[PDB]
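Here's a solo chain for you in structure tokens, the form deposited in one PDB entry.
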């Protein structure tokens, strides 16, 4: 089972913020909750996470520190699930966020966007 205010799907617990923070501060917040910024491993996981998104741009655990996209937990990016908006990312420090429709885009990591934490059960 998951902590109160988190939602369960398969082997993960998810928490959706109601306020915004820079990408790195969001990652620190999730780490302190024994979690990480969400890593989208599959279409099924994408579909679950996206229905809880609000209208705010929302960080995921994907960033481009040295001209290579990397998931925060070391999940392989190039062979992994991707759900970019068409033509995106077009400017690749850069961090990935969800649009309200669940598709991904990039912006600078300082923006105070909402975020999602993901933890084990």
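Residue numbers count along the first chain shown, from 1.
Here the subject shifts to the form deposited with a small molecule bound, a form of this protein not shown in this document.
Trainee: Is it the case that residue 92, even though its partner is missing from this view, gets within 4.5 Å of the small molecule in the bound PDB entry, heavy atoms only?
Mentor: Although the small molecule is absent here, residue 92 would touch it in the bound PDB entry, with heavy atoms inside 4.5 Å.
Trainee: Should residue 88 be counted as a contact of the small molecule in the bound PDB entry, where contact means heavy atoms within 4.5 Å?
Mentor: Yes, residue 88 sits close enough to the small molecule in the bound PDB entry that at least one of its heavy atoms falls within 4.5 Å.
Trainee: Is residue 105 one of the residues lying within 4.5 Å of the small molecule in the bound PDB entry, judged by heavy atom distances?
Mentor: Heavy-atom contact with the small molecule at 4.5 Å: present for residue 105.
Trainee: Is residue 9 close enough to the small molecule in the bound PDB entry to count, meaning some heavy atom within 4.5 Å?
Mentor: Looking in the bound PDB entry, residue contacts with the small molecule do not include residue 9, since no heavy atom lies within 4.5 Å.
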